[PDB]
Amino acid sequence: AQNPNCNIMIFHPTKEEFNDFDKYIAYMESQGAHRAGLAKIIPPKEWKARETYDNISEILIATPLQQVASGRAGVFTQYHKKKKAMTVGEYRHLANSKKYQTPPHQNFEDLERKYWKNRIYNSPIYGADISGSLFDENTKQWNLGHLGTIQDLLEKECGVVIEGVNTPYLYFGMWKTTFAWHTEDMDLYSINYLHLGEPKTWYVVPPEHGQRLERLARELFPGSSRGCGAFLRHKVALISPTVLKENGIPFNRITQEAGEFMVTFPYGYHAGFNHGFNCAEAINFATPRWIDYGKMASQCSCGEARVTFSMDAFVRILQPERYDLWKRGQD
Ligand SMILES: O=C(O)CNC(=O)C(=O)O
Ligand SMILES: [Mg+2]
Ligand code: NI
Ligand SMILES: [Zn+2]
């Protein structure tokens, strides 16, 4: 078995290997990359996502989210308070202000320590989940707005045509902005490209061990667990590396820098934080190996999770028994 310890693998494709996205995902899996839940892909030196980032300041962040925490430093939830719209230029200035800027630090490890010690005492503002793309239309390789769609994959594997579309999202971050522990909707893959700015630290649990994280989470968030049989779908719970280590949960960590791709694999729980002002683009995707995970994916039916138009059809075709109850949640 390849990569039996489930370590995060880092790939350096050549320009010739970068032409065929599907084939390269399959190659990474042949080397065991999926066992970690997360892989890093450093593009060839010939490649570029676009020519410059000099003209992005007028993009609107219609609903910036202030991420307010409750709990203790290592075990907390966050809720998203909606703020007034602002441009990317206004958001960058805010991120760089004395109130929100990254503190002085020695290295990524010192910054990580400061994040876990102090995150709960601040409420950074995240420009998340903004439909759009920063890839130039002439970038032919690994262009996240030009991937094969998940609806087409389902049709190719299973023979059934379904409604729905699949488009990317932009994320503008600042110091301490946080992504809570989650897997993707319907346990899909994701791919994330860090266009510019400061790094993003990721934590991940191997897919084969995901239920261990779920059992810990039920213990640590006991009211939430009673409310919903899949409450990590709400994307609000944080658990620190120290707490995971104390409870024997297998995980790994890695820092993504500007110019790098990260891929999350089906049922790979992940969480993390931004080091300072940055912009990332991400989208979900599928492969033939995903279909069996999609059929088995948990779902939030308490109603909190409220998820894209296109998820309907995946539940309807892959999970017909659940269908009914799940759509009662979403209406
Ligand atoms: O970058 C973020 O805030 C969150 N991204 C992801 O969870 C992803 O790409 O799967
Ligand atoms: Mg602009
Ligand atoms: Ni994700
Ligand atoms: Zn729920």
# chains A, B, ... in the order shown; residues from 1 in each chain; ligands from 1
$ residues_near_ligand --ligand "ligand 3" --cutoff "7 Å" --atoms "only C-alpha atoms and all ligand atoms" --output "number ranges by chain"
A: 182-184, 190, 270
$ residues_near_ligand --ligand "ligand 2" --cutoff "6 Å" --atoms "only C-alpha atoms and all ligand atoms" --output "ChimeraX atom specification"
/A:55-59
$ residues_near_ligand --ligand "ligand 1" --cutoff "9 Å" --atoms "only C-alpha atoms and all ligand atoms" --output "PyMOL selection string"
chain A and resi 126+128-129+170-173+177-184+189-194+200+202+262-264+270-274+279-284
$ closest_atom_pairs --of "chain A" --to "ligand 4" --cutoff "10 Å" --atoms "only C-alpha atoms and all ligand atoms" --output "CSV"
residue,atom,partner,partner_atom_place_in_ligand_line,distance
A:224,CA,ligand 4,1 (Zn),8.5
A:225,CA,ligand 4,1 (Zn),8.9
A:226,CA,ligand 4,1 (Zn),9.9
A:227,CA,ligand 4,1 (Zn),7.0
A:228,CA,ligand 4,1 (Zn),4.5
A:229,CA,ligand 4,1 (Zn),6.9
A:230,CA,ligand 4,1 (Zn),5.8
A:231,CA,ligand 4,1 (Zn),4.8
A:232,CA,ligand 4,1 (Zn),7.9
A:233,CA,ligand 4,1 (Zn),6.5
A:234,CA,ligand 4,1 (Zn),6.2
A:235,CA,ligand 4,1 (Zn),9.8
A:299,CA,ligand 4,1 (Zn),7.7
A:300,CA,ligand 4,1 (Zn),4.0
A:301,CA,ligand 4,1 (Zn),5.4
A:302,CA,ligand 4,1 (Zn),4.1
A:303,CA,ligand 4,1 (Zn),5.5
A:304,CA,ligand 4,1 (Zn),4.8
A:305,CA,ligand 4,1 (Zn),5.6
A:306,CA,ligand 4,1 (Zn),8.9
A:329,CA,ligand 4,1 (Zn),8.5
$ closest_residue --among "A:8, A:62, A:111, A:315" --to "residue 39 in chain A" --atoms "only C-alpha atoms"
A:8
$ residues_around --residues "residue 124 in chain A" --least-positions-apart "2" --cutoff "10 Å" --atoms "only C-alpha atoms" --output "CSV table (one decimal) with C-alpha atoms, in the first residue's frame"
chain,number,residue,atom,x,y,z
A,65,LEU,CA,-18.2,38.1,7.7
A,66,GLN,CA,-16.9,38.9,11.2
A,67,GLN,CA,-15.9,35.6,12.7
A,68,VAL,CA,-16.8,35.8,16.4
A,69,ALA,CA,-15.6,32.9,18.7
A,95,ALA,CA,-6.4,43.8,7.0
A,99,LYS,CA,-6.3,46.3,14.8
A,100,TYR,CA,-6.1,43.4,12.3
A,101,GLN,CA,-2.6,43.0,11.0
A,119,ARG,CA,-7.6,33.5,18.2
A,120,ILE,CA,-10.6,33.4,20.5
A,121,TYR,CA,-9.9,37.0,21.7
A,122,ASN,CA,-10.3,38.6,18.3
A,126,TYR,CA,-13.4,37.1,6.1
A,173,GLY,CA,-8.5,36.6,4.1
A,174,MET,CA,-6.7,38.4,6.9
A,175,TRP,CA,-4.8,37.3,10.0
A,176,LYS,CA,-6.7,34.8,12.1
A,177,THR,CA,-9.5,34.2,9.6
A,178,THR,CA,-10.5,30.6,10.1
$ closest_residue --among "A:97, A:15, A:320, A:269" --to "residue 238 in chain A" --atoms "only C-alpha atoms"
A:269
$ atom_distance --atom1 "CA of residue 98 in chain A" --atom2 "CA of residue 257 in chain A"
23.2 Å
$ residues_around --residues "residue 160 in chain A" --least-positions-apart "5" --cutoff "12 Å" --atoms "only C-alpha atoms" --output "count of residues only"
10
